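*Asks:* give me a 3D structure for the following:
(one chain, ligands or ions: 2)
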Amino acid sequence: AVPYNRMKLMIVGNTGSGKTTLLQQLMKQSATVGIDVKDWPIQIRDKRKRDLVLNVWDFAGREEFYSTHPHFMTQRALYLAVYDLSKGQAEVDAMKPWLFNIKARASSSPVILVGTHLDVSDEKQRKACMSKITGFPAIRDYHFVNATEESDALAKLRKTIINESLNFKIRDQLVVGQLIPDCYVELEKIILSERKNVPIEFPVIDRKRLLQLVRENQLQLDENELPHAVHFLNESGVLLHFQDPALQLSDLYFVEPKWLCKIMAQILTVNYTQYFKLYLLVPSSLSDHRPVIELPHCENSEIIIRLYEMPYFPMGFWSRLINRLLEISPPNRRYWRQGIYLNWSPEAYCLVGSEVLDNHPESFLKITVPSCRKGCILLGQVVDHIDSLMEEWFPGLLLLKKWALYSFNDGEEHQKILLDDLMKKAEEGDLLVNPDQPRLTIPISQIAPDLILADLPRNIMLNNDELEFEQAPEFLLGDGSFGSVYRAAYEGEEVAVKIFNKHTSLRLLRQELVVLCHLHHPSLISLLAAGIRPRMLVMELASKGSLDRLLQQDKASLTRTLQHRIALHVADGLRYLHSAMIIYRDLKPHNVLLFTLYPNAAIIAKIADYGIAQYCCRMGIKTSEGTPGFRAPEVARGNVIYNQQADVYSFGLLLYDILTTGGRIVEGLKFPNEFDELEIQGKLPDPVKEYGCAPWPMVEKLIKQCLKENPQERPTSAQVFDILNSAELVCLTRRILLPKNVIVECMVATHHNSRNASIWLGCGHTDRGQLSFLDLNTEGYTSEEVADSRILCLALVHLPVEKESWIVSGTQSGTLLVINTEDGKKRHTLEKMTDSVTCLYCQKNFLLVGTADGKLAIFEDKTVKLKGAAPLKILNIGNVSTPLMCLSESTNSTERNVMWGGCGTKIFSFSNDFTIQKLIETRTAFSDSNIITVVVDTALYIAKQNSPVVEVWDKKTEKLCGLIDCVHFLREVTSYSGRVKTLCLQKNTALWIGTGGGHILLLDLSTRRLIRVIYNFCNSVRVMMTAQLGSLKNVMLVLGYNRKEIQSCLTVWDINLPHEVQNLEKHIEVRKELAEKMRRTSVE
Ligand SMILES: Nc1nc2c(ncn2[C@@H]2O[C@H](COP(=O)(O)OP(=O)(O)O)[C@@H](O)[C@H]2O)c(=O)[nH]1
Ligand SMILES: CNc1nc(Nc2cn(C(C)(C)C#N)nc2C)ncc1C(F)(F)F
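*Replies:* Numbering: from 1, shown residues only. Ligands and ions are numbered 1, 2, ... in the order given. Shown next is the structure:
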């Protein structure tokens, strides 16, 4: 609670007047380039008044530094002002724009003023004007004194700061007597000490260093209170934490404010510094003459002329104007400091640039185009750009008064009539009349074509004789705070007219039209006509209604594909928008219209109501708009300036609205305090936990990845459109995780629909064999070690005899365990085979157990109730060196009597007669291996371990047909792990290859044509099968490995994946011929 008395006293002195020498003769050069921060203490007469140390900032006056200065005129500062008196009131006039800049930039700062050079001060001349001076700031004194011999009343700054504790208070608080805790002064001291060791040519530090040292010094600085502390320390004037996300300076921290200021000379003397945000951005070097450039069309009628009457050119105005107006994609440029001259041809050229030959002290901006049509488009674009600029960065100007210079009779001077009356004179009726002679008349289309909307293409022109809507409130739709969208016809159509309200400034209509009439796309609603007589808009009436009351009402039509269409077409719209420097800031689920609820359409969403879409270059925006609940975080704290990534957060919120199927918006339509509790961050639940939805675990991974606070950690709109354009994201259903230090190499589902999924997981990591039992809809991992050796294979048979079901296992020790699927305690162990257990598999129901010794082990389905038995004879169809681990079933006409398989490195088959009807060895390189699985759709696709190839032997000719290599197919994904540890088959579409390298391979069936390849989610694929789920078929389990900590995910894949990767690819192929057919018309 120590009183920390420190505040800046930036002595802002116009050039030449001696701004430096005054403080030189107060405390104790030639041209002080940039800011020069000295230091200065105070020991007042009353010793109880603590040290009032003041970080003096000694600014400069050369216009380049005028332009680079106005970002360091912060609050908590007692300014000054200096002006010579030998030049009399002229210096007062010259300092008047500077005082205006002061009162514009800083409002809570007193402004003393002082003269200089009392040796030649003719105060009787300018005294009257100086008294008449006191929009200005609160001038509090006038002490015109000498410069070198300080004999007048000086040191009054102390008596005007220490007594200004409450007379200069930051919102009634204490400035010079702020009882600040010890933590803040601790941080200040440690930074002031560490200022040395950090390099001197570019002193910067990382926030991680600050945290590490604060922990090393036990500063007791909490991470949730650290940014407020560093912000106060910044505003004190010892370091500069530029936390502006539009500048990306949120990480790098600065320790020497003295250094940041004296870089203007370093950069005008003619890395990673390349962000000079204060093509090229060196406005110091620009010449400041009136160049030798003459208009081609030099008359009083052939050229339009606009004007702008402004009190004071704001510090850093012309810089922003040129940096904006060097967008040249709508050109021999000759831009000096102020007046850019965008020449194209003798037909169209916009010559912006000031003019002060007005016989008056005011400052005049002017625009000039030759009065053909292209000139009118140019003028009606530059007016929009200048008005956006002046409405975003410099709100104080709107004082501003327009001026349109028309000419009644050619070959004479032009009169001056302003737009606040021309608006009415052109809204009542066209053909502006000449009061002197009524026979003389001029058109309002070659005087100011930004007032009749003639600066737009000729196709979008109203046809009011065919707009038959009555204003009757029966036809009503949304009311977006500016208009009210009715339902109407237009020459025969369904069109949603948007009549504007009683009084709306035409700037709004142009704010909407400049985005609706330039960039076309099949995801952005397309304007049909826009008049001016009632100031209306006509937009293509979206049939199926806005999204909000399709969420609240029609929850049945909302499938799990449509939820990825109305979240992909919107991402398309956002990508196109942000690709042309427009930002939207309004993407809420009341503003996504629909056109068709049939899933596989082509145009399903189209954004609308572009009420607040402003232009946003790399500089950014400074205002704060939107709507509570759907606003970006940094929009709330309106002080910071943001850019085109305060929109992707709105998209994340829309996505959380969609995934919840309208639970957040309906539970928050009661109290907007609930919807604004998370307006910054930190109050969003995990969706599946509460609202009862179904999982979607490649969206939940994105929904947090585009929701973070740090405006650089969020994706760019392209990157958040190239994650949804992948059929790997629509076709999962779940993703479970298993504990640490456990593997899985044996799986059996339960199609009997006890809980519709009661997946067992045989494992053998330890010596004893474990037997997990996972439930799907609840995720209960109730493992139980009930075996002595590894559990190689499991199998299930739901006995129809007495409606039973008894899961059966197998052991590496060669034992046949049996457990009741319903009775948790029945260990009806059967007769152990003569060797180990290799595989098992299920009319004629019988367990076709496979042993390591190469002998077929068969049982009886009815022999389950027994306790130890060898039901049917063993068929030793192999040797000790033949591992009989192959078993499978048949699919061709479901003829299970054609049950295939293969004994070791050899293929065989049999029937219910149990005789080998065919035995074909596979001795035909990799042939020194064994066999894993066979599958029969039309032939036998046979896999084998450590093989980048899978063979194809036919069941009718018994010969090789083709060799479908795997590593060859994977040769363009990135000595590879291109093995095939598993091989599952769909019903009648395509193969499903599972590669131990961590890649699903959706090989198709026709000849060899690949369809896609899945990657970057696992590290291996242990065992794959196909089961049922929730009374419905079509799921495809996959057991991914993570290997060193072993993690065995258990994914769930919909089996409609092939026709997905096809359908969605055809869809995206369709609408990208439209996205170029529509767009190419806008250039034409
Ligand atoms: N003749 C005269 N010259 C002065 C007086 N006070 C200051 N100067 C000159 O003004 C110069 C300082 O200008 P300066 O304040 O640095 O200009 P700035 O950098 O644009 O602010 C010094 O070189 C002095 O020679 C004065 O009372 N009489
Ligand atoms: C946002 N306003 C618009 N709304 C629509 N579609 C729409 C149709 N209905 C109903 C249910 C009445 C029907 N049929 N409701 C809505 C929101 N189309 C166009 C717009 C537009 F022009 F304002 F963008």
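*Asks:* burial measure for the one residue in the stretch 551-700 of the chain that gets nearest to ligand 2, as a count.
*Replies:* Closest residue of the stretch 551-700 of the chain to ligand 2, C-beta to the nearest ligand atom: residue 608 (3.6 Å). Where C-beta positions appear, they are placed from N, C-alpha and C, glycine not excepted. With neighbours defined by other C-beta atoms under 10 Å, the count for residue 608 comes to 21.
*Asks:* ok, it - contacts?
*Replies:* Neighbouring residues of residue 608 by C-beta atoms under 8 Å, 6 or more residues apart in numbering: 525, 539, 542, 591, 593.
*Asks:* buried residues of the longest helix along the chain, list them for me.
*Replies:* The single longest helix within the chain, with elements called by DSSP state H, is helix 1057-1083. Residues 1057-1058, 1060-1061, 1064, 1067, 1071, 1075 are the ones in helix 1057-1083 that count as buried (16 or more other C-beta atoms under 10 Å).
*Asks:* cool, and stretch 323-333?
*Replies:* In stretch 323-333, counting by 16+ other C-beta under 10 Å, buried: 323-325.
*Asks:* nearest to ligand 2, of those?
*Replies:* Looking across the buried residues of stretch 323-333 and measuring by C-beta to the nearest ligand atom, the closest to ligand 2 is residue 324, at 29.4 Å.
*Asks:* what helix or strand does the nearest residue to that closest one once chain neighbours are set aside sit in?
*Replies:* In space, and not counting its chain neighbours, residue 324 is closest to residue 389: 5.5 Å by C-beta to C-beta, 6 or more residues apart in numbering. Here residue 389, judged by DSSP states H and E, is contained in helix 373-392.
*Asks:* what's in contact with that helix?
*Replies:* With C-beta under 8 Å, 6+ apart, helix 373-392 has contacts from 303-304, 306, 308, 320-321, 324-325, 327, 330, 342, 347-350, 352, 365, 367, 369, 397-398, 400, 445-446, 449-450, 454-456, 507, 510, 514, 614-615, 621-623.
*Asks:* CA atoms only: put it into CSV for me.
*Replies:* Once non-C-alpha atoms are left out, helix 373-392 reads as follows in CSV (Å, rounded to 0.1, in the frame of the first residue of the first chain):
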residue,chain,number,x,y,z
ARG,A,373,-19.4,6.0,-65.6
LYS,A,374,-16.2,4.2,-64.6
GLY,A,375,-15.3,7.4,-62.8
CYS,A,376,-18.5,7.2,-60.9
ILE,A,377,-17.7,3.7,-59.8
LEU,A,378,-14.3,4.9,-58.7
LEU,A,379,-15.7,7.8,-56.7
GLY,A,380,-18.5,5.7,-55.2
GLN,A,381,-15.8,3.2,-54.0
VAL,A,382,-13.3,5.8,-52.6
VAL,A,383,-16.1,7.5,-50.7
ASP,A,384,-17.0,4.2,-49.1
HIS,A,385,-13.4,3.5,-48.2
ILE,A,386,-12.7,7.0,-46.7
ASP,A,387,-15.9,6.8,-44.7
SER,A,388,-15.1,3.4,-43.3
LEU,A,389,-11.6,4.6,-42.4
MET,A,390,-12.9,7.8,-40.7
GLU,A,391,-15.6,5.7,-39.0
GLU,A,392,-13.3,3.1,-37.5
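*Asks:* how far does stretch 271-278 sit from the chain's center?
*Replies:* Stretch 271-278 sits 23 Å away from the centroid of its parent chain (C-alpha atoms, centre = their mean, to the nearest Å).
*Asks:* could you work out the end-to-end span of it for me?
*Replies:* Using C-alpha to C-alpha, to the nearest Å, the end-to-end distance of stretch 271-278 comes to 16 Å.
*Asks:* how about that stretch: buried residues?
*Replies:* Going by neighbour count (16+ other C-beta under 10 Å), the buried part of stretch 271-278 is 277-278.
*Asks:* ok, residue 397 touching residue 310?
*Replies:* Yes. Taking contacts as C-beta atoms under 8 Å, residue 397 lies within contact range of residue 310: 6.5 Å.
*Asks:* who's more crowded, those two?
*Replies:* Shown here are residue 397 and residue 310; by other C-beta under 10 Å, residue 310 has more neighbours (20 against 17).
*Asks:* quick one: that one and residue 394 touch, right?
*Replies:* No. With contact defined as C-beta under 8 Å, residue 310 does not reach residue 394; the gap is 9.8 Å.
*Asks:* okay, and which of the buried residues of stretch 323-333 map to strands?
*Replies:* Using DSSP state E, no member of the buried residues of stretch 323-333 falls in strands.
*Asks:* between the residues you listed, which sits nearest residue 23?
*Replies:* Residue 23 has its nearest neighbour among the buried residues of stretch 323-333 in residue 323, at 33.8 Å by C-beta to C-beta.
*Asks:* ok, that closest one - contacts?
*Replies:* 281, 617, 619.
*Asks:* the second one and residue 581 touch, don't they?
*Replies:* When you say that, I think you mean residue 617. Yes. With contact defined as C-beta under 8 Å, residue 617 reaches residue 581; the gap is 5.6 Å.
*Asks:* which neighbours do those two share?
*Replies:* Common neighbours of residue 617 and residue 581 (C-beta under 8 Å, 6+ apart) are residue 327.
*Asks:* and the residue of the stretch 201-350 of the chain found nearest ligand 2, which of the three is it?
*Replies:* Using C-beta to the nearest ligand atom, the closest approach of the stretch 201-350 of the chain to ligand 2 is made by residue 330 at 26.3 Å. Three-state assignment for residue 330 (DSSP: H, G, I helix; E, B strand; the rest coil): coil.
*Asks:* what separation do you get for it and residue 303?
*Replies:* Distance from residue 330 to residue 303, counting by C-beta to C-beta, to the nearest Å: 19 Å.
*Asks:* check residue 693 too.
*Replies:* 63 Å.
*Asks:* what about these two, which has more around it?
*Replies:* Per other C-beta under 10 Å, whichever of residue 693 and residue 303 has more neighbours is residue 303, with 21 against 13.
*Asks:* tell me who's in contact with the residue in the stretch 751-900 of the chain that ligand 2 sits nearest to.
*Replies:* Scanning the stretch 751-900 of the chain for proximity to ligand 2 using C-beta to the nearest ligand atom identifies residue 777 as nearest, at 36.5 Å. Neighbour list for residue 777: 755-757, 1030 [criterion: C-beta under 8 Å, 6+ apart].
*Asks:* let's see that with 10 Å instead.
*Replies:* By C-beta atoms under 10 Å, 6 or more residues apart in numbering, residue 777 lies in contact with 734, 755-758, 1029-1030.
*Asks:* returning to what we had before: elements contacting the longest helix of the chain?
*Replies:* Applying 3 or more C-beta pairs under 10 Å, 6 or more residues apart in numbering; DSSP states H and E, one finds that helix 1057-1083 contacts helix 562-565, helix 569-578, strand 991-995.
*Asks:* what's the angle between it and helix 569-578?
*Replies:* Interaxial angle, helix 1057-1083 versus helix 569-578 (axes from the mean of the first three to the mean of the last three C-alpha atoms, to 10 degrees): 30 degrees.
*Asks:* which one of the helices and strands packed on helix 1057-1083 lies nearest to ligand 1?
*Replies:* Set against ligand 1 and scored by C-beta to the nearest ligand atom, these come closest in helix 569-578, at 43.3 Å.
*Asks:* just how off-centre is the helix or strand following that closest one within its chain?
*Replies:* Downstream of helix 569-578, the first helix or strand assigned by DSSP H and E is strand 582-583. How far strand 582-583 lies from its chain's middle: 12 Å, per C-alpha atoms, centre = their mean.
*Asks:* give the other helices and strands that strand 582-583 contacts.
*Replies:* Against strand 582-583 (3+ C-beta pairs under 10 Å, 6+ apart) you get helix 569-578, strand 614-615.
*Asks:* each with direction, which strands does that strand pair with?
*Replies:* strand 614-615 (antiparallel) (DSSP bridges).
*Asks:* which member of the buried residues of helix 1057-1083 is positioned nearest ligand 1?
*Replies:* Relative to ligand 1, and with distances defined as C-beta to the nearest ligand atom, the nearest of the buried residues of helix 1057-1083 is residue 1075, at 55.8 Å.
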